[PDB]
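Undergrad: As input, take work_39.csv (CSV, N, CA and C atoms):
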```csv
chain,number,residue,atom,x,y,z
I,1,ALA,N,0.9,-1.2,0.0
I,1,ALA,CA,0.0,0.0,0.0
I,1,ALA,C,0.9,1.3,0.0
I,2,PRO,N,0.4,2.4,-0.6
I,2,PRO,CA,1.3,3.6,-0.4
I,2,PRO,C,1.1,4.2,0.9
I,3,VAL,N,2.1,4.3,1.7
I,3,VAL,CA,2.0,4.8,3.1
I,3,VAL,C,2.9,6.0,3.2
I,4,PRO,N,2.6,6.8,4.2
I,4,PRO,CA,3.3,8.1,4.3
I,4,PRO,C,4.7,7.9,4.7
I,5,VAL,N,5.5,8.8,4.2
I,5,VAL,CA,6.9,8.9,4.7
I,5,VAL,C,6.9,10.0,5.7
I,6,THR,N,7.4,9.7,6.9
I,6,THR,CA,7.3,10.6,8.0
I,6,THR,C,8.6,11.3,8.3
I,7,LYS,N,9.7,10.7,7.8
I,7,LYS,CA,10.9,11.3,8.1
I,7,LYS,C,11.9,10.9,7.0
I,8,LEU,N,12.7,11.8,6.5
I,8,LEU,CA,13.6,11.4,5.5
I,8,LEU,C,15.1,11.9,5.9
I,9,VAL,N,16.0,11.0,5.7
I,9,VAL,CA,17.4,11.4,5.9
I,9,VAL,C,18.3,10.9,4.8
I,10,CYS,N,19.5,11.5,4.7
I,10,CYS,CA,20.5,11.1,3.7
I,10,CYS,C,21.8,10.9,4.4
I,11,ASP,N,22.5,9.7,4.1
I,11,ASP,CA,23.7,9.4,4.8
I,11,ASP,C,24.8,10.0,4.0
I,12,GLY,N,25.7,10.7,4.7
I,12,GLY,CA,26.9,11.3,4.0
I,12,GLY,C,27.8,10.2,3.3
I,13,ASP,N,28.2,9.3,4.2
I,13,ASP,CA,29.1,8.3,3.7
I,13,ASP,C,28.6,7.4,2.6
I,14,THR,N,27.4,6.8,2.7
I,14,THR,CA,26.9,5.8,1.8
I,14,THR,C,26.1,6.4,0.6
I,15,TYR,N,25.7,7.7,0.6
I,15,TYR,CA,24.9,8.1,-0.6
I,15,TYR,C,23.7,7.2,-0.7
I,16,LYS,N,23.0,7.1,0.5
I,16,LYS,CA,21.7,6.4,0.5
I,16,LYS,C,20.7,7.4,1.2
I,17,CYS,N,19.5,7.5,0.7
I,17,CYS,CA,18.5,8.2,1.4
I,17,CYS,C,17.7,7.2,2.1
I,18,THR,N,17.2,7.5,3.3
I,18,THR,CA,16.3,6.6,4.0
I,18,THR,C,15.0,7.3,4.4
I,19,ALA,N,13.9,6.7,4.0
I,19,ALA,CA,12.6,7.2,4.3
I,19,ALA,C,11.9,6.3,5.3
I,20,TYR,N,11.5,6.9,6.5
I,20,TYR,CA,10.8,6.2,7.5
I,20,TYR,C,9.4,6.1,7.1
I,21,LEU,N,8.7,5.0,7.2
I,21,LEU,CA,7.4,4.8,6.8
I,21,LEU,C,6.4,4.7,7.9
I,22,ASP,N,5.2,5.3,7.7
I,22,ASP,CA,4.1,5.3,8.7
I,22,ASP,C,3.2,4.0,8.4
I,23,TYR,N,3.6,2.9,9.1
I,23,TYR,CA,3.0,1.7,8.9
I,23,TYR,C,3.4,0.7,9.9
I,24,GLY,N,2.5,-0.1,10.4
I,24,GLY,CA,2.7,-1.3,11.2
I,24,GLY,C,3.5,-1.0,12.5
I,25,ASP,N,4.6,-1.7,12.7
I,25,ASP,CA,5.3,-1.6,13.9
I,25,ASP,C,6.4,-0.4,13.9
I,26,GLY,N,6.4,0.4,12.9
I,26,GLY,CA,7.2,1.6,12.8
I,26,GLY,C,8.6,1.3,12.3
I,27,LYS,N,8.9,0.0,12.0
I,27,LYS,CA,10.3,-0.3,11.5
I,27,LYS,C,10.4,-0.5,10.0
I,28,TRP,N,9.4,-0.1,9.2
I,28,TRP,CA,9.6,-0.1,7.8
I,28,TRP,C,10.3,1.2,7.2
I,29,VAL,N,11.1,1.0,6.3
I,29,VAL,CA,11.9,2.0,5.6
I,29,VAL,C,11.9,1.8,4.1
I,30,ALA,N,12.2,2.8,3.3
I,30,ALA,CA,12.5,2.7,2.0
I,30,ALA,C,13.8,3.4,1.7
I,31,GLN,N,14.6,2.9,0.8
I,31,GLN,CA,15.9,3.4,0.6
I,31,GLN,C,16.3,3.5,-0.9
I,32,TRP,N,17.0,4.5,-1.3
I,32,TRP,CA,17.5,4.6,-2.7
I,32,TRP,C,18.8,5.3,-2.7
I,33,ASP,N,19.5,5.1,-3.8
I,33,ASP,CA,20.8,5.8,-3.9
I,33,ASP,C,20.7,7.2,-4.4
I,34,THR,N,21.6,8.1,-4.0
I,34,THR,CA,21.6,9.5,-4.4
I,34,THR,C,23.0,10.0,-4.7
I,35,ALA,N,23.2,11.1,-5.3
I,35,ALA,CA,24.5,11.8,-5.4
I,35,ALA,C,24.4,13.0,-4.5
I,36,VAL,N,25.5,13.1,-3.6
I,36,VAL,CA,25.5,14.1,-2.6
I,36,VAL,C,26.6,15.1,-3.0
I,37,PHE,N,26.3,16.3,-2.9
I,37,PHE,CA,27.3,17.3,-3.2
I,37,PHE,C,27.1,18.7,-2.6
I,38,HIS,N,28.1,19.5,-2.5
I,38,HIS,CA,28.0,20.8,-2.0
I,38,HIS,C,27.7,21.8,-3.1
I,39,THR,N,26.8,22.6,-2.9
I,39,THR,CA,26.5,23.6,-4.0
I,39,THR,C,27.2,24.9,-3.9
I,40,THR,N,27.2,25.7,-4.9
I,40,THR,CA,27.9,27.0,-4.9
I,40,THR,C,26.9,28.1,-4.7
M,1,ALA,N,12.2,24.2,-14.1
M,1,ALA,CA,11.9,25.2,-13.1
M,1,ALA,C,11.7,24.4,-11.8
M,2,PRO,N,12.0,24.9,-10.6
M,2,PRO,CA,11.9,24.1,-9.4
M,2,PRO,C,10.4,24.0,-9.0
M,3,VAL,N,10.1,22.7,-8.7
M,3,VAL,CA,8.7,22.4,-8.3
M,3,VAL,C,8.7,21.8,-6.9
M,4,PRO,N,8.0,22.5,-5.9
M,4,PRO,CA,8.0,22.0,-4.5
M,4,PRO,C,7.3,20.7,-4.4
M,5,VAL,N,7.8,19.8,-3.5
M,5,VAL,CA,7.2,18.6,-3.1
M,5,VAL,C,6.4,18.9,-1.8
M,6,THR,N,5.2,18.5,-1.8
M,6,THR,CA,4.3,18.7,-0.6
M,6,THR,C,4.3,17.5,0.3
M,7,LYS,N,4.4,16.3,-0.2
M,7,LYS,CA,4.5,15.1,0.7
M,7,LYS,C,5.0,14.0,-0.1
M,8,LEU,N,5.4,12.9,0.6
M,8,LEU,CA,5.9,11.7,0.0
M,8,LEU,C,5.2,10.4,0.5
M,9,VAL,N,5.0,9.5,-0.3
M,9,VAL,CA,4.6,8.1,0.1
M,9,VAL,C,5.5,7.1,-0.6
M,10,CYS,N,5.5,5.9,0.1
M,10,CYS,CA,6.2,4.8,-0.5
M,10,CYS,C,5.3,3.5,-0.5
M,11,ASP,N,5.4,2.7,-1.5
M,11,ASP,CA,4.5,1.5,-1.6
M,11,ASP,C,5.4,0.2,-1.7
M,12,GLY,N,5.2,-0.6,-0.8
M,12,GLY,CA,5.8,-1.9,-0.7
M,12,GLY,C,5.2,-2.9,-1.7
M,13,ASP,N,4.1,-2.6,-2.3
M,13,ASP,CA,3.6,-3.5,-3.4
M,13,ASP,C,4.3,-3.1,-4.7
M,14,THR,N,4.6,-1.9,-4.9
M,14,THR,CA,5.3,-1.5,-6.2
M,14,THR,C,6.7,-1.2,-6.1
M,15,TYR,N,7.3,-1.0,-4.9
M,15,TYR,CA,8.6,-0.6,-4.7
M,15,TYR,C,8.9,0.8,-5.4
M,16,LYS,N,8.0,1.7,-5.2
M,16,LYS,CA,8.1,3.0,-5.8
M,16,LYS,C,7.8,4.0,-4.6
M,17,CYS,N,8.6,5.1,-4.6
M,17,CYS,CA,8.2,6.2,-3.8
M,17,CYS,C,7.6,7.2,-4.7
M,18,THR,N,6.5,7.9,-4.2
M,18,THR,CA,5.9,8.9,-4.9
M,18,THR,C,5.8,10.2,-4.2
M,19,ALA,N,6.4,11.3,-4.8
M,19,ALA,CA,6.4,12.6,-4.3
M,19,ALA,C,5.2,13.4,-5.0
M,20,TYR,N,4.4,14.0,-4.2
M,20,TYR,CA,3.3,14.9,-4.7
M,20,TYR,C,3.8,16.3,-4.9
M,21,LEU,N,3.5,16.8,-6.0
M,21,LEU,CA,4.0,18.1,-6.4
M,21,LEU,C,3.1,19.3,-6.3
M,22,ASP,N,3.6,20.4,-5.9
M,22,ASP,CA,2.9,21.6,-5.9
M,22,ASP,C,3.0,22.3,-7.2
M,23,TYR,N,2.0,22.0,-8.1
M,23,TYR,CA,2.1,22.4,-9.5
M,23,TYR,C,0.8,22.2,-10.2
M,24,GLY,N,0.5,23.1,-11.1
M,24,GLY,CA,-0.7,23.0,-11.9
M,24,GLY,C,-2.0,22.7,-11.1
M,25,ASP,N,-2.7,21.7,-11.6
M,25,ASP,CA,-4.0,21.2,-10.9
M,25,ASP,C,-3.8,20.4,-9.7
M,26,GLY,N,-2.6,20.3,-9.2
M,26,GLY,CA,-2.4,19.5,-8.0
M,26,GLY,C,-2.2,18.0,-8.1
M,27,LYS,N,-2.3,17.5,-9.3
M,27,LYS,CA,-2.4,16.1,-9.5
M,27,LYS,C,-1.1,15.5,-10.2
M,28,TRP,N,0.0,16.3,-10.1
M,28,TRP,CA,1.3,15.8,-10.6
M,28,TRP,C,2.1,15.1,-9.5
M,29,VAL,N,2.9,14.1,-9.8
M,29,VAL,CA,3.7,13.4,-8.9
M,29,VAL,C,5.0,13.1,-9.6
M,30,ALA,N,6.1,12.8,-8.8
M,30,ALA,CA,7.4,12.3,-9.3
M,30,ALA,C,7.6,11.0,-8.6
M,31,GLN,N,8.0,10.0,-9.3
M,31,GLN,CA,8.2,8.7,-8.8
M,31,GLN,C,9.6,8.2,-9.0
M,32,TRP,N,10.0,7.3,-8.1
M,32,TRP,CA,11.2,6.6,-8.3
M,32,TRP,C,11.2,5.3,-7.6
M,33,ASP,N,12.1,4.4,-8.1
M,33,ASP,CA,12.2,3.0,-7.6
M,33,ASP,C,13.0,3.1,-6.3
M,34,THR,N,12.5,2.3,-5.3
M,34,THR,CA,13.2,2.3,-4.1
M,34,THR,C,13.2,0.9,-3.5
M,35,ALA,N,14.1,0.6,-2.6
M,35,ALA,CA,14.0,-0.6,-1.8
M,35,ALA,C,13.0,-0.3,-0.7
M,36,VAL,N,12.3,-1.4,-0.2
M,36,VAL,CA,11.4,-1.2,0.9
M,36,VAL,C,11.5,-2.4,1.8
M,37,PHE,N,11.8,-2.2,3.0
M,37,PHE,CA,12.0,-3.4,3.9
M,37,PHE,C,11.8,-3.0,5.4
M,38,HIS,N,11.7,-4.1,6.1
M,38,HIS,CA,11.5,-4.0,7.6
M,38,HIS,C,12.8,-4.2,8.2
M,39,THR,N,13.2,-3.2,9.1
M,39,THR,CA,14.5,-3.2,9.7
M,39,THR,C,14.5,-4.0,11.0
M,40,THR,N,15.7,-4.1,11.5
M,40,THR,CA,16.0,-4.6,12.8
M,40,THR,C,15.5,-3.6,13.9
G,1,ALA,N,27.0,9.0,8.3
G,1,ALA,CA,26.0,9.3,9.4
G,1,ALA,C,24.8,10.1,8.7
G,2,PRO,N,23.6,9.8,9.1
G,2,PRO,CA,22.5,10.3,8.4
G,2,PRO,C,22.3,11.8,8.8
G,3,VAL,N,21.9,12.6,7.8
G,3,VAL,CA,21.5,13.9,8.1
G,3,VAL,C,20.1,14.2,7.6
G,4,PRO,N,19.4,15.1,8.3
G,4,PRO,CA,18.0,15.4,7.9
G,4,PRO,C,17.9,16.0,6.5
G,5,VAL,N,16.8,15.6,5.8
G,5,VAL,CA,16.5,16.3,4.6
G,5,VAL,C,15.4,17.3,5.0
G,6,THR,N,15.5,18.6,4.7
G,6,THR,CA,14.6,19.6,5.1
G,6,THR,C,13.5,19.8,4.1
G,7,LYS,N,13.8,19.7,2.8
G,7,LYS,CA,12.8,19.7,1.8
G,7,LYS,C,13.3,19.0,0.5
G,8,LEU,N,12.3,18.7,-0.3
G,8,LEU,CA,12.6,18.1,-1.7
G,8,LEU,C,12.0,19.1,-2.7
G,9,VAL,N,12.7,19.2,-3.8
G,9,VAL,CA,12.2,20.0,-5.0
G,9,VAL,C,12.5,19.2,-6.2
G,10,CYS,N,11.6,19.2,-7.2
G,10,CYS,CA,11.8,18.5,-8.5
G,10,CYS,C,11.9,19.4,-9.6
G,11,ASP,N,12.9,19.2,-10.5
G,11,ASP,CA,12.9,20.1,-11.6
G,11,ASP,C,11.9,19.6,-12.7
G,12,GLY,N,11.1,20.6,-13.1
G,12,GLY,CA,10.0,20.4,-14.0
G,12,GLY,C,10.4,20.1,-15.5
G,13,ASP,N,11.6,20.3,-15.8
G,13,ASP,CA,12.1,20.1,-17.2
G,13,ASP,C,12.9,18.7,-17.3
G,14,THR,N,13.7,18.5,-16.3
G,14,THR,CA,14.6,17.3,-16.3
G,14,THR,C,14.1,16.2,-15.4
G,15,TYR,N,13.2,16.6,-14.5
G,15,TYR,CA,12.6,15.6,-13.6
G,15,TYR,C,13.5,15.2,-12.5
G,16,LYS,N,14.7,15.9,-12.4
G,16,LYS,CA,15.6,15.6,-11.2
G,16,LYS,C,15.1,16.1,-9.9
G,17,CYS,N,15.2,15.3,-8.9
G,17,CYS,CA,14.8,15.7,-7.5
G,17,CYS,C,16.0,16.1,-6.8
G,18,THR,N,15.9,17.2,-6.1
G,18,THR,CA,16.9,17.7,-5.2
G,18,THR,C,16.5,17.6,-3.8
G,19,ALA,N,17.2,17.0,-2.9
G,19,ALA,CA,16.9,17.0,-1.4
G,19,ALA,C,17.9,18.0,-0.7
G,20,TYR,N,17.4,18.9,0.0
G,20,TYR,CA,18.2,19.9,0.8
G,20,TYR,C,18.5,19.3,2.1
G,21,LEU,N,19.8,19.4,2.5
G,21,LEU,CA,20.2,18.7,3.7
G,21,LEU,C,20.6,19.7,4.8
G,22,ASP,N,20.2,19.3,6.0
G,22,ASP,CA,20.6,20.1,7.2
G,22,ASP,C,21.9,19.6,7.7
G,23,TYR,N,22.9,20.3,7.3
G,23,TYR,CA,24.3,20.0,7.7
G,23,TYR,C,25.2,21.2,7.4
G,24,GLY,N,26.1,21.4,8.4
G,24,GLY,CA,27.1,22.4,8.1
G,24,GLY,C,26.6,23.7,7.6
G,25,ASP,N,27.2,24.2,6.5
G,25,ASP,CA,26.8,25.4,6.0
G,25,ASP,C,25.5,25.5,5.3
G,26,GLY,N,24.7,24.5,5.2
G,26,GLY,CA,23.4,24.6,4.7
G,26,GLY,C,23.3,24.4,3.2
G,27,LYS,N,24.5,24.1,2.5
G,27,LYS,CA,24.5,24.1,1.1
G,27,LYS,C,24.7,22.8,0.5
G,28,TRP,N,24.5,21.7,1.3
G,28,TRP,CA,24.7,20.4,0.8
G,28,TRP,C,23.3,19.9,0.2
G,29,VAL,N,23.4,19.1,-0.8
G,29,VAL,CA,22.2,18.5,-1.4
G,29,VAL,C,22.4,17.0,-1.8
G,30,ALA,N,21.3,16.3,-2.1
G,30,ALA,CA,21.3,14.9,-2.6
G,30,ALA,C,20.4,15.0,-3.8
G,31,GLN,N,20.7,14.3,-4.9
G,31,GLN,CA,19.9,14.4,-6.1
G,31,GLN,C,19.7,13.0,-6.7
G,32,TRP,N,18.6,12.8,-7.3
G,32,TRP,CA,18.3,11.6,-8.1
G,32,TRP,C,17.3,11.8,-9.1
G,33,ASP,N,17.2,10.9,-10.0
G,33,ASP,CA,16.3,11.0,-11.1
G,33,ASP,C,14.9,10.5,-10.8
G,34,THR,N,13.9,11.1,-11.5
G,34,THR,CA,12.5,10.6,-11.3
G,34,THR,C,11.7,10.6,-12.6
G,35,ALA,N,10.5,10.0,-12.5
G,35,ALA,CA,9.5,10.0,-13.6
G,35,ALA,C,8.4,10.9,-13.1
G,36,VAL,N,8.1,11.9,-13.7
G,36,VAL,CA,7.0,12.8,-13.4
G,36,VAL,C,5.8,12.5,-14.3
G,37,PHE,N,4.6,12.6,-13.7
G,37,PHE,CA,3.4,12.5,-14.6
G,37,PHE,C,2.2,12.9,-13.8
G,38,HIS,N,1.1,13.0,-14.6
G,38,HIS,CA,-0.1,13.6,-14.1
G,38,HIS,C,-1.1,12.4,-13.8
G,39,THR,N,-1.7,12.4,-12.6
G,39,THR,CA,-2.7,11.3,-12.2
G,39,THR,C,-4.2,11.7,-12.4
G,40,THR,N,-5.1,10.7,-12.1
G,40,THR,CA,-6.5,11.0,-12.0
G,40,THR,C,-6.7,11.7,-10.7
```
Starting from the file, lay out its structure as structure tokens.

TA:
Amino acid sequence: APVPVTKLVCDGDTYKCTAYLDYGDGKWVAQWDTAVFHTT
Amino acid sequence: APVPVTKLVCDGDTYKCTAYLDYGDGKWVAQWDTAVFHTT
Amino acid sequence: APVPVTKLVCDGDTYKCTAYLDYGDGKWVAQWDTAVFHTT
């Protein structure tokens, strides 16, 4: 089911975003790769 | 042009995250593939 | 180490998503590609 994302973070080291999901026992997440960089 | 995201959902049936956009009639979304799992 | 995403914005021409990060000087971002479309 499409459930809400309640919190989103991005890890500096691994270039993974992690979305915490509003469902069930609270331990579901979704993860995807990203490119992280400093802007000008 | 930059388009604001109002909220995000993720679906464990489809393995897609969906971001809802503040744009036009309100019915646009941006989607991407994600992992979805239950953590420790 | 995870850092908070403060907001997400999607580019309306390229469909790239930018996540703004709460870290350091405020200028760090994470980016990934998306599929944008219009729903019912």

Undergrad: Rounded to one decimal in Å, what is the spacing between atom C of residue 32 of chain I and atom N of residue 26 of chain M?

TA: 26.9 Å

Undergrad: Hey, could you make a per-residue contact list for chain M against chain I with 6.5 Å as the cut-off, showing the nearest pair of atoms and its distance in Å to one decimal, counting all atoms listed in the file, sorted by chain and number, as CSV?

TA:
```
residue,atom,partner,partner_atom,distance
M:8,C,I:5,N,4.0
M:9,CA,I:3,C,4.1
M:10,C,I:3,N,4.0
M:11,CA,I:1,C,3.9
M:12,N,I:1,N,4.4
M:13,N,I:1,N,4.2
M:14,N,I:1,N,6.2
M:33,C,I:32,CA,6.0
M:34,CA,I:31,C,4.6
M:35,C,I:31,N,3.9
M:36,CA,I:30,CA,4.2
M:37,N,I:29,C,4.1
M:38,CA,I:28,CA,4.3
M:39,N,I:27,C,4.0
```

Undergrad: How would chain I read as a compact mmCIF listing (two decimals) with N, CA and C atoms, keeping the file's coordinate frame once least-squares superposed on chain M using all paired C-alpha atoms?

TA:
```
# COMPACT_ATOMS: atom_id res chain seq x y z
N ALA I 1 10.51 23.41 -13.99
CA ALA I 1 10.94 24.28 -12.84
C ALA I 1 11.06 23.37 -11.55
N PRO I 2 11.98 23.73 -10.62
CA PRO I 2 11.88 22.87 -9.39
C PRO I 2 10.81 23.30 -8.52
N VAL I 3 9.88 22.46 -8.22
CA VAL I 3 8.67 22.82 -7.42
C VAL I 3 8.67 21.93 -6.21
N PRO I 4 7.95 22.40 -5.21
CA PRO I 4 8.01 21.71 -3.91
C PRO I 4 7.33 20.41 -3.98
N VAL I 5 7.86 19.52 -3.19
CA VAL I 5 7.14 18.24 -2.95
C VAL I 5 6.43 18.41 -1.65
N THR I 6 5.12 18.15 -1.67
CA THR I 6 4.28 18.44 -0.55
C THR I 6 3.91 17.20 0.24
N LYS I 7 4.05 16.04 -0.43
CA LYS I 7 3.67 14.91 0.25
C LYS I 7 4.45 13.72 -0.36
N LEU I 8 4.98 12.83 0.43
CA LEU I 8 5.68 11.77 -0.16
C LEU I 8 5.13 10.36 0.46
N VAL I 9 4.95 9.45 -0.44
CA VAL I 9 4.59 8.11 0.03
C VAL I 9 5.36 7.03 -0.68
N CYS I 10 5.37 5.82 -0.08
CA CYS I 10 6.05 4.66 -0.67
C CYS I 10 5.09 3.51 -0.68
N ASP I 11 4.98 2.79 -1.89
CA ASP I 11 4.02 1.75 -2.00
C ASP I 11 4.72 0.51 -1.56
N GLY I 12 4.03 -0.26 -0.70
CA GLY I 12 4.61 -1.58 -0.24
C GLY I 12 4.87 -2.57 -1.45
N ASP I 13 3.74 -2.78 -2.11
CA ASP I 13 3.82 -3.74 -3.18
C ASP I 13 4.77 -3.44 -4.31
N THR I 14 4.76 -2.24 -4.90
CA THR I 14 5.50 -1.90 -6.09
C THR I 14 6.93 -1.35 -5.79
N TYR I 15 7.29 -0.98 -4.54
CA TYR I 15 8.68 -0.42 -4.43
C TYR I 15 8.80 0.75 -5.36
N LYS I 16 7.76 1.67 -5.21
CA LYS I 16 7.84 2.96 -5.93
C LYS I 16 7.58 4.05 -4.82
N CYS I 17 8.31 5.14 -4.87
CA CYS I 17 7.98 6.24 -4.06
C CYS I 17 7.24 7.17 -4.90
N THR I 18 6.25 7.88 -4.35
CA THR I 18 5.54 8.91 -5.10
C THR I 18 5.56 10.25 -4.36
N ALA I 19 6.01 11.27 -5.06
CA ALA I 19 6.08 12.59 -4.54
C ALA I 19 5.05 13.48 -5.22
N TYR I 20 4.11 14.09 -4.38
CA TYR I 20 3.13 14.98 -4.86
C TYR I 20 3.75 16.28 -5.08
N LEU I 21 3.54 17.00 -6.15
CA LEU I 21 4.12 18.21 -6.46
C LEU I 21 3.24 19.40 -6.34
N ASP I 22 3.78 20.53 -5.83
CA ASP I 22 3.03 21.80 -5.64
C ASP I 22 3.20 22.65 -7.00
N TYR I 23 2.21 22.40 -7.91
CA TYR I 23 2.24 22.97 -9.14
C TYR I 23 0.99 22.78 -9.88
N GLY I 24 0.50 23.78 -10.57
CA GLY I 24 -0.57 23.75 -11.56
C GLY I 24 -1.89 23.20 -10.96
N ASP I 25 -2.45 22.17 -11.57
CA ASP I 25 -3.70 21.71 -11.18
C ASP I 25 -3.64 20.61 -9.99
N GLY I 26 -2.51 20.41 -9.43
CA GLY I 26 -2.29 19.58 -8.26
C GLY I 26 -2.14 18.12 -8.63
N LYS I 27 -2.20 17.79 -9.95
CA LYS I 27 -2.05 16.32 -10.32
C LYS I 27 -0.68 15.95 -10.84
N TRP I 28 0.36 16.77 -10.66
CA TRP I 28 1.67 16.31 -10.96
C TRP I 28 2.40 15.49 -9.81
N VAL I 29 3.07 14.54 -10.18
CA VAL I 29 3.81 13.61 -9.34
C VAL I 29 5.20 13.33 -9.87
N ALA I 30 6.13 12.87 -9.06
CA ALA I 30 7.30 12.33 -9.44
C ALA I 30 7.50 10.99 -8.79
N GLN I 31 8.10 10.04 -9.46
CA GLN I 31 8.16 8.72 -8.98
C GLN I 31 9.54 8.04 -9.21
N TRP I 32 10.02 7.27 -8.30
CA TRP I 32 11.29 6.51 -8.50
C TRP I 32 11.20 5.22 -7.78
N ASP I 33 12.08 4.33 -8.21
CA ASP I 33 12.09 3.02 -7.51
C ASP I 33 12.90 3.01 -6.26
N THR I 34 12.55 2.18 -5.27
CA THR I 34 13.24 2.08 -3.99
C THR I 34 13.38 0.64 -3.54
N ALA I 35 14.16 0.32 -2.59
CA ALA I 35 14.17 -0.99 -1.90
C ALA I 35 13.59 -0.74 -0.53
N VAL I 36 12.55 -1.66 -0.21
CA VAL I 36 11.81 -1.48 0.99
C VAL I 36 12.21 -2.66 1.90
N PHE I 37 12.44 -2.36 3.09
CA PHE I 37 12.76 -3.42 4.02
C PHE I 37 12.54 -3.13 5.52
N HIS I 38 12.43 -4.11 6.34
CA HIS I 38 12.26 -3.94 7.72
C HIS I 38 13.59 -3.87 8.44
N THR I 39 13.75 -2.96 9.24
CA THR I 39 15.08 -2.89 9.97
C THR I 39 15.14 -3.58 11.27
N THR I 40 16.28 -3.78 11.83
CA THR I 40 16.44 -4.49 13.12
C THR I 40 16.68 -3.48 14.21
```

Undergrad: Run DSSP on the backbone and give me the residues of chain M it puts in strand (DSSP E), as a list in words.

TA: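 Residues of chain M classed as strand (DSSP E): residues 2, 3, 4, 5, 6, 7, 8, 9, 10, 11, 16, 17, 18, 19, 20, 21, 28, 29, 30, 31, 32, 33, 35, 36, 37 and 38 of chain M.
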
Undergrad: Mind giving me the straight-line distance from atom CA of residue 16 of chain G to atom C of residue 23 of chain I in Å, one decimal?

TA: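 Here the two named atoms are 28.6 Å from each other.
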